[PDB]
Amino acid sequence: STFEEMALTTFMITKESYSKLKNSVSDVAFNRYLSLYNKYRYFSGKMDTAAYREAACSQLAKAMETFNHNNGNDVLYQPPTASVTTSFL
């Protein structure tokens, strides 16, 4: 989907950007994402690739409410840091 897809890319949250994003997600999900963010906010270490994706959406949510209560500033959105460890594929 566009939202989760976007939460996995670096970009600027702007007027256009944010508008695009509010309209690609349901507020029930958006507010759900905004809640979990607290779950991860201060967590560092390994997690399954599926948990990373859910986590990134959370950060996108937070990054969005920040821009919205900025008065249309512009905020940089970078996916949460990822050091992936694979072994001989």
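Counting begins at 1, following the sequence as shown.
- When the modelled residues of the chain are ordered by their C-alpha B factor, residue 62 lands in the lowest third.
- Per-chain ranking of the deposited C-alpha B factor places residue 73 in the highest third.
- The deposited CA B-factor of residue 37 belongs to the highest third of values across its chain.
- Ranked against the other modelled residues of its chain, the C-alpha B-factor of residue 52 as given in the entry falls in the middle third.
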